[PDB]
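Heads up, the thing below is written out as structure tokens.
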Amino acid sequence: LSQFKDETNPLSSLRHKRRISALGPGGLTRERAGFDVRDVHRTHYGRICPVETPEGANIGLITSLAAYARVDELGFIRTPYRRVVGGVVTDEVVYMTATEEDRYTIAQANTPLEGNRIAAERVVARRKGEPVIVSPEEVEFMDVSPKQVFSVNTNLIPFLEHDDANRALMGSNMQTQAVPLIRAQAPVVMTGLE
Amino acid sequence: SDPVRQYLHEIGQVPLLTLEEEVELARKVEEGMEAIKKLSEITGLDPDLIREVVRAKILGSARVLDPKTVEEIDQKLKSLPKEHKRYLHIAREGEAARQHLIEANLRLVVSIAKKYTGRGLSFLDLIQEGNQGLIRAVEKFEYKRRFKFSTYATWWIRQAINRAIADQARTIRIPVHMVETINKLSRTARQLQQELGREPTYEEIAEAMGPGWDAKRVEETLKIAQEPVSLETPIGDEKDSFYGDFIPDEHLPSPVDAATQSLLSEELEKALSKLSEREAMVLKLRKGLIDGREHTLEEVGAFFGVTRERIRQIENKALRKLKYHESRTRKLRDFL
Amino acid sequence: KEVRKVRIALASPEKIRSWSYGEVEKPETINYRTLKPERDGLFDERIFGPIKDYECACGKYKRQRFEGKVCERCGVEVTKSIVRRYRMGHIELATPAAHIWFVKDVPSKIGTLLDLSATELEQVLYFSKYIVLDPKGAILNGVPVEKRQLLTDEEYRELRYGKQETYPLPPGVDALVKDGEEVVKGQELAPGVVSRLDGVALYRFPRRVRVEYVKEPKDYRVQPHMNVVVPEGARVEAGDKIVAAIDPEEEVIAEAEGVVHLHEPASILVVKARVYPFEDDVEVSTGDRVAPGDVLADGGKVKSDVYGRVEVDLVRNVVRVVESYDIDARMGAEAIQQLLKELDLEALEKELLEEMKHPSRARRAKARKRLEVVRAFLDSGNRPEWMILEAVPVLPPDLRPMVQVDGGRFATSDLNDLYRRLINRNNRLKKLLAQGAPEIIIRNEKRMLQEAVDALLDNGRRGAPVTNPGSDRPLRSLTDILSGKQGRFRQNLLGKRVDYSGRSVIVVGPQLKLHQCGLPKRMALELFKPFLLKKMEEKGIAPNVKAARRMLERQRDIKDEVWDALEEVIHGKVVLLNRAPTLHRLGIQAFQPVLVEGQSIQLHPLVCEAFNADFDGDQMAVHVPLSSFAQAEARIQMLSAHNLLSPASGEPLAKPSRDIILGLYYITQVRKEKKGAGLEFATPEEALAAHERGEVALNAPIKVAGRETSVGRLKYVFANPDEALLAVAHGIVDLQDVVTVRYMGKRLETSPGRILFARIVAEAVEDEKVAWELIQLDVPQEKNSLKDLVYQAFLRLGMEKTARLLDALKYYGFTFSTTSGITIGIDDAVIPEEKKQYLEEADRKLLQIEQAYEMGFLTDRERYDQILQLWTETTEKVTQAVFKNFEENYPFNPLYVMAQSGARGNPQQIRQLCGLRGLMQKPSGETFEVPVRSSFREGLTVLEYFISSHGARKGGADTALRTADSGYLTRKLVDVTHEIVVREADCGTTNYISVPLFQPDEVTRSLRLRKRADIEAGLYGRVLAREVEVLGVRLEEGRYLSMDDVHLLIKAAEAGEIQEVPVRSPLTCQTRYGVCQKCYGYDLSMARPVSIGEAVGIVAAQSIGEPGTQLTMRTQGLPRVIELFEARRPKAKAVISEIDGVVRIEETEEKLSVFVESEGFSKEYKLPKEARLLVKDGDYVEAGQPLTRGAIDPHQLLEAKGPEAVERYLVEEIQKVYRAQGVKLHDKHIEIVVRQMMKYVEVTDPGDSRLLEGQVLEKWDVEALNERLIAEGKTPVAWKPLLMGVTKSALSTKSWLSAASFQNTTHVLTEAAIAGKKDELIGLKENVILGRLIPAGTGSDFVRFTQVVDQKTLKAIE
DNA sequence: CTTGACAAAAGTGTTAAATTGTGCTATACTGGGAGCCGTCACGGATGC
DNA sequence: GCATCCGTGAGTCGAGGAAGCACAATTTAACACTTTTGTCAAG
Ligand SMILES: [Mg+2]
Ligand SMILES: [Mg+2]
Ligand SMILES: [Zn+2]
Ligand SMILES: [Zn+2]
């Protein structure tokens, strides 16, 4: 786990510090790990990036922390959710773990709002990771933003919703390998995390 | 499957000795040794030879001097009268007592040896080296002094274990005096390191060691104390690269080195053709191009029947001609 | 002479000593200060040779004149220092040590010969139990002791030294028993303690002596340092000593005459012994062993009455014989070695043969296994006791070096530590033995010595692995050196690193010819350096080679004439390009280098598919063949322009690809208009008149009078292709406009683009008539049409013209795709108007299902299935709507054109871009009820993106874990078929196989014709075994079937004239160690009969395993192939009828039974309740015919139907997996592998032979043995066909070198060594290991000895 | 073809330091310590 | 016949490199004196 720092560019070093490895002393073995440890569990939503992982023999074994996620004192990843009471979305943000998240109906960040009141009659939500359609009054929490599902590298890909996941994996990984240029210039289309 | 558990179980089958049992066994060994000395003096035999025969009989036929001479000496000892056969009986009882006294103190060596682990030798190696010291302790132990056996045996067991570590813990053996120097040097560095709050330099170590020690000697001693590194140590998380894959072989000549040696030999042979039949022979003998080894003016002189003085003149003349030919062609300067 | 065979055998202690140049007696390696090797150590110069050439240690001899001389001062031989790699030493073990290979390799060879279990062998070997070698009349618990009986430590001690026990009395109390009184078991000795055995009870340490003077019970106290010197009840005269002491002041004497009485014993010793009082001198002493009738004392008056150890007690002046036996029992390898020396192999074989007649099968199986080991030892000439080591060989020090690195640090191998431990323990054991140490110390040291030998030979096999102190890394032992993927075989013998090799990044070279590559100048300078130095010397660039080499060392010293010389050096030569992984033989191809400026290798576009190379950063290796043979082989056989067809299928492999297809498809596709589209006229002048008025388009389909034409076909009529293309140049018409052109005397109605394509083919082949016959003019040129063109050109013209045609197609495809205007925009992903309607229909049906589910008409499982079917149907409808929209409105859409032409994409990917993403699967395997209703053009939502990520990860992990299985499958196939080579023109066999043309479909229950690809993969390039008369055409026997013949046979089958075709196959070939030319067929890579000497076994393995990655993994896909090639029994196996007859179902509520009824027989099959029966009542089933759906067990089928049926089943079931994935593979390659699977037989009746019942041998050997037995009139050997997997078939091969280098190296070598096996170097792996010329290709004896000579020399010789 | 004269240069004999090897310690001590841990498949092996 | 255990196997390139002490026995570094080339004139 004590690794030579990857500092091709500032994003390379930022990514290396947010990487989560299932290997190392006391962990799995590269050839002794089955499909189960390498899959995207439903509780990875908001805590581990679903796309960013090394393609090859280490796929699913090395992962990245999602942008809004934070590790608590006991070591369990938490992700933020906006409290929704009475159909109005409040500014109270609650950081909560996967086991605590399973007890609530959590709406989606793209739910239309008329101010703070949920405007849509049909709300796309999750109940223990399953997508469902609910009414505004059945909603208890809301996603902070679409960015909390992905890592820092993946949040730097504009028009990500139009890309296949297999190619977005390559895009986020290759941003780490980009070399600094004497005439480097910021992208014309950005996402906001630059 | 566990050798340590198997050994501990085996030594647990011999009960520990009480004080009365310890004194009786120790007394019998001393009395037996004196009986052997008397038997050798009376019979005129070598005391070492008689002791081996007495030991061989006690240990029995289960142990691999051939057995025929053991029986012959045994019969000769038994042919002695009763007053002399008594010393043979005392010798036999003493040897049996020594075997039991060693067998009943195998727990002591294990207790001592468990404190020396991690210093280059495995636990069972420490035990067996400690057993060798225990055997020596039994030989030299004196029960007249009224000291317990564990008091005198602890000195020999620790000595045997410590010497074995000094002799067998390094692939490149370092003598005991030099090992003690390394151990003392390490202790002094450790004491200064915890007192200065940092790693001492060679000057602080040398000053604390005492007279006759300077920073150069400390560096040389530390250089000597460097263990070799294994050729099979992996590098990287992948287990497919080792140290041996990055160390070139610099003993055998390369294809380039072999080729230029043959090219030089071919060019030198062509250059020596211009020389006379005898002038070429002299230079190839004096430079070791024929027998491989350089000859001298006299040795070549005996070969041709000429004296020493003439040969150096013709060799100088022939060498001058080679310089002239090489100057006019410059076909031999690149190989230099 | 020449090495032809390699033999492996056991080494005796005598042979090991004969190898050694000296015994290694010290564990010292080198001096710590002078760094010179130490005398008698592991690096001794007196043993292994001088460090530097012709120089002794003392430096007295330093030249070659004293060659073969040994310096008297130091003892070092004056010779070459390289002998240090070859000269071995040895260690003389103090005690024998067993070889771990012949102990722990199950089943043990030592245990088999000695009839000891694995547990019993370990207990004896590692000093846990004794084994009896001479009982000496010993009795154990009332039962006599017998030989080979295992004794524990307690039992051995009781037999050898007797029974005794010490009972500690409490202080102060007095014993109730006297000294020397016999006691019995359970008798009380003191008031508080009771004895547990019967024997003499003796006072150990009397604490008080009570003497009775005569005048007086005076008492004396005894202390631990005082000892009593007199017996109990002894009359002591005044002055005689009573108690001895260290200090004479406290010594106790007797005042007057009296009797000494002993009291207060410290403990009581009860020993089972016999006490013999005596008066004179004794004839024995302490420690001797006596028998009944032996004299003891008094000159025969006292004699022993029982066996035991005798001890003399001078205090009690009696002789005690402790009852014991002089039993012979030993532990360790010294006991095992003695047993192995006493075996009579001839007598053991006779007893085993007699027991081979026992009725029990288990007894016969056990006797056969023992006899096989006995036969191996008898035939080889080895001795069983040689399996125990008395001398350990020591490896030459240069193979276990202690080298000084540049930094001054020393690096050493792990073998030195293993050798040092063995020497340290061996030397210590010698010292302990010389000191007469107790048995416990000696036993522990012997046990450690055995473990040190085990660790050196094979570390970690038994017990905890040995690690270097200060780390937890196990030491590398001799076994680890030779075994594994990183062992000697796979890392240094089967593959090596090579000189004259380079590597760089590859970029595409479109300007190259098919046989050319772009090699960087700087790589070429280094690769061809020795050739360049010679050329520089030849010209005036440098005076000699060494001066030339100095010039190239510095970059700024390289002049401009070096590059001209390098151009001259490489003229004509070729290099090998290689891209890893090398899945098939097209992964290495030879190219003629073209020196280019830059640092990247330029690769031809047409060879990318064979290399599986793209240009996103791949790298390739460059190799330079050196000699004329290596250049000739590469230029003739390995050249890229010569390998145009696939060896796996015979189809083109260098063919037009992505951009080339797109450019050629664009020009050969015609335009379709809609403006006019249907108007009818009366005269063509009216039709054109409407065109200038704008009423009808140029390519609108109209009817002039009665015929359907277009305005373009009427308006533009060209006299020749030149005029048509001149009009295109002026912009009069486009390439896609359909006009009328007069070509080859025919008034054609095509587009100028299609007429241009005809000229492209015509000029490339330089034949207008043949090129006209090769092309399909009236269609756009897609991937498949272009592939047919290349194949037909290869058949009619050859490699040279086809390579020219391929370059011409590449040039024009690249040119036209550039200027055509293919681009991808966001609006190119056209959303059909039907998608919105379909989704509304899906919502209403879904809402309808939910209402029904609320009403209770259906359960959860059927509701879930109905939802999935709805979305699967809707997904299919959208896919049709997506593509219908393209083919109607946007026929030139980039996504549609790429998919239609075969350039890129498939309908599934196009649907995701333009239709809907579809249904997705959970990580558990279930599909989400809600699909992804949005495409990539519209953009997925955050939740839909996360849902889709589960499948993306699962496929990514599936691919990663599939490469390992596919690559390991290929290695199995190579190792089982590496020795198969085409070795003769014809084997003369008359057997064959009948390839079916009709498949028994079950859904219709009738015979239906197979697919053309299936028949082509089974008949193309095969020799007819019998003459066939179909459709008036006589295909004679021995005729190679081309594609025309296959198509004729398919046509005849469609006419009901033929059902199957008899062909010669590798399955029925009778050639030993390979196949013949007439049984293989074509070299599919050349569409001509296979040349003798081809390694078809390697080609078969590479062909099967190359598409292994494309097989789905998720009893299906690659796992199905692996179990089929391994002949594994499926978990859900089907039920097959053992005998033929009528089926009788007895289905009942309790259980289900199937009865196969015949005239007299009735077999009962008890099927499970959930059995999907495929046979109903009133059916005549045959032997081996399935009764239940599932996979047939190959071994059950083999015993029920026969070898032919299982071979047909295996080939068909493997081909099913590849067909389902779209992979085209000939049946020859699978039949070659299956032929190796069915290579062995099992003996059932030995007959008049030495073979054993149940012995497994090769089918060729038993057949040769059978015909020999018949020749001299003897009973033949009855055998039974046997099927085994590729792994077992490869490991049971006759060559130990190939088997050892594959797997199970320890097991393969331990059996080969005992049998003394001799390897004849027949296949390919054995020759590669020894560096010999492989017996295939140009190294085959058929062509190897060919001589070439010109006419003038021939007459001079004649 | 040498013949004496000299001048280093390698060889030999003492000679002492310097290094290396070995024996010896006497109150009484008497059975070790880190292992701890996410695959799955086959073939085989006595055992029962 | 049947769990249970033991053993063996699981793609290729590349790039990463913790006593001291005394005393004896043995080896080694320095000189000092010969014996032997090497190199001169003399011929
Ligand atoms: Mg690539
Ligand atoms: Mg016209
Ligand atoms: Zn020498
Ligand atoms: Zn044949």
Side-chain angles (χ1 to χ4, degrees), chain B residues 1 3 6-7 10-11 13 19-20 23-24 27 55 57-61 78 81-82 85-86 88-89 92-93 96 99 102-103 106 118 120 124 128-129 131-132 135 144 146 168 171-174 224 226 228-233 240 243 247 251-252 256 260 263 288 291-293 331 334-335, chain C residues 27-30 32-33 63-65 81-82 128 153 205 224-225 227 246 266 281-283 285-289 312 314 326 402-403 405 409-414 416-417 420 424 428 431-432 435-438 440-441 443-445 447-448 451 463 468-469 473 476 486 543-547 549:
Chain B
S1 182
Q6 214 191 312
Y7 185 64
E10 289 172 359
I11 74 178
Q13 308 308 328
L19 174 78
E20 294 178 353
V23 171
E24 160 198 298
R27 172 173 49 83
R55 186 169 305 174
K57 299 304 305 181
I58 285 302
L59 292 175
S61 66
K78 288 189 182 186
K82 164 184 306 176
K85 287 202 57 166
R86 181 173 179 176
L88 169 61
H89 299 328
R92 296 285 190 89
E93 307 175 347
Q99 295 285 339
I102 296 176
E103 280 186 296
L106 298 187
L124 285 176
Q128 293 294 126
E129 299 295 341
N131 293 325
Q132 281 191 94
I135 295 188
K144 291 293 204 309
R146 286 189 170 85
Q168 308 170 7
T171 305
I172 307 186
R173 190 187 67 89
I174 297 180
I224 285 182
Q226 281 182 337
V229 66
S230 174
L231 270 180
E232 291 88 3
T233 50
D240 71 310
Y243 280 10
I247 304 184
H251 186 55
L252 289 181
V256 189
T260 176
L263 290 183
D291 297 358
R293 176 77 274 171
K331 294 181 58 61
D334 289 328
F335 298 112
Chain C
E28 300 176 355
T29 59
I30 63 180
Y32 72 103
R33 188 180 68 182
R63 276 310 167 68
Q64 181 168 17
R65 58 172 308 127
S81 57
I82 201 177
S128 178
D153 196 3
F205 301 104
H225 293 97
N227 55 300
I246 298 167
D281 57 72
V282 294
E283 294 293 327
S285 195
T286 310
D288 294 75
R289 291 198 171 275
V312 56
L314 280 182
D326 196 352
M402 184 174 287
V403 63
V405 304
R409 185 75 164 253
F410 265 103
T412 180
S413 49
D414 290 356
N416 295 319
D417 273 337
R420 283 205 314 107
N424 278 321
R428 188 188 314 145
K431 292 186 287 184
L432 286 176
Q435 292 178 357
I440 312 184
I441 306 180
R443 172 194 322 175
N444 191 17
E445 184 66 27
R447 184 193 307 134
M448 298 217 296
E451 284 185 330
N468 200 4
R473 177 184 66 69
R476 205 162 184 250
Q486 306 282 348
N544 43 48
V545 176
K546 185 176 180 180
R549 192 164 190 94

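The basis for the numbers below is simple: all heavy atoms, side chains too, and nothing from hydrogens, waters or symmetry mates. Throughout, protein chains are lettered first and strands after them, A, B, ... in sequence-line order, and every chain is numbered starting at 1.
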Review point. If every non-hydrogen atom of C/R473 is compared with every non-hydrogen atom of B/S230, which pair is closest and at what distance?
Key: NH2-OG, 2.9 Å
Contact winner vs chain B - [options], heavy-atom pairs under 4.5 Å:
options	result
C/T29, C/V312, C/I441	C/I441
C/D414, C/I30, C/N416, C/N544	C/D414
C/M402, C/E445, C/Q64	C/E445

**Study point:** side chain to side chain donor-acceptor pair (under 3.5 Å) partner of C/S285, chosen from B/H89, B/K85, B/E93
**Key:** B/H89
[X] (side chain) donor-acceptor with [Y] (main chain) under 3.5 angstrom:
X	Y	answer
B/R173	C/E28	no
B/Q168	C/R420	no
B/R55	C/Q435	yes

**Study point:** side chain to side chain donor-acceptor pair (under 3.5 Å) partners for C/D326, two or more places apart
**Key:** C/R160
Exercise for review: Identify, with sequence neighbours excluded, every residue that meets side-chain contact (heavy atoms from CB on, under 4.5 Å) alongside C/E283.
Suggested key: C/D281, C/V295
Point to revise | Proximal component of C/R63, with respect to chain B [non-hydrogen, under 4.5 Å] | key: side chain
Check your understanding: Side chain, backbone, both or neither: which part of B/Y7 has a non-hydrogen atom closer than 4.5 Å to chain C?
Key -> both
Exercise for review: Please examine the side chains of C/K546 and B/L263, heavy atoms only from C-beta on, and report whether any two atoms are closer than 4.5 Å.
Suggested key: no
**Study point:** Within-4.5 Å side-chain heavy-atom neighbours: C/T412 and B/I172
**Key:** no
Review point. Are more than 12 heavy atoms from other residues, nucleotides or ligands located less than 6.0 Å from atom NZ of C/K431?
Key: yes
